[PDB]
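Shown next as structure tokens: one chain only, the form deposited in one PDB entry.
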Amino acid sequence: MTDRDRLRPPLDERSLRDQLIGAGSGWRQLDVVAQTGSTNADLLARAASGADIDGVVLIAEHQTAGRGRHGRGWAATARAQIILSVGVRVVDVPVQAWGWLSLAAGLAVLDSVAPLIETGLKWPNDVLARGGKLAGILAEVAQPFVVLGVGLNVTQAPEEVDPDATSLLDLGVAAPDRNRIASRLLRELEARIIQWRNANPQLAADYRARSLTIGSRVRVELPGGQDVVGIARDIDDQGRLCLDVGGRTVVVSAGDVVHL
């Protein structure tokens, strides 16, 4: 751990803005802060006060009260992760389509690190590698916006955050460069968001091609603490998980997947 700190230099905010903001780029604003409770909470607070957060990026070197799905947490230590939130205007898109945005986010994350490295997307949005959770995605709503949060373990050690975690460094990526990764990440997200906004079928085909969950036997932990065990067959037009339970189709809009 003490050694991993020597592989955690800070992000160059100036250089990242030079790469990501400007003509042709959807990103309107990027800031790197030293510390916050939750980048999602922060962009949601901005929007609740009237700010236009469409194409706004907030990166945090450290995150002390990270949020997960379904009232869970997200652990981080300083400079170990890429922790960021982006604002996406969604009010132009019918509400039944908004869950795709979270699927698209996980695809963006997976694609931006895949070349550096059992690996793929667990439905809905989380990125697994060698069975460990490599990145967490969390989208929340602040009309007319969705705030899309990513926490990507770059040099983060499982013993620092969670027993089931993995990171680029634990997958053997030598000394991962968070500036390079964050630029690849935010360029991938931009295209994926544009794809979502325009109902591009390539989004669904690329998600299916990256899914670890489709085809596998799963147990799905439903909101409310009921479990269903079936075989995940597909996602539908709303990105809902289609389960085969001994012949019957069960379509799940929210849940925690365990692969069996």
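We call the rigid core whatever largest set of C-alpha positions still superposes within 1.5 Å between the two forms. We number the residues from 1 along the sequence you see.
Omitted from view is the form deposited in another entry, to which the following refers.
Core-superposed comparison between this form and the one not shown: among 198, 226, 64, 202, the single residue whose C-alpha moves by 2 Å or more is 226.
Residue 25: CA moves 2 Å or more between this form and the one not shown after rigid-core fitting. Between this form and the other one, the CA-CA gap for residue 225 and residue 69 widens by 3 Å or more, being larger in the other form. A shift of at least 3 angstroms pushes the Cα atoms of residue 225 and residue 138 further from each other in the other form than in the displayed structure.
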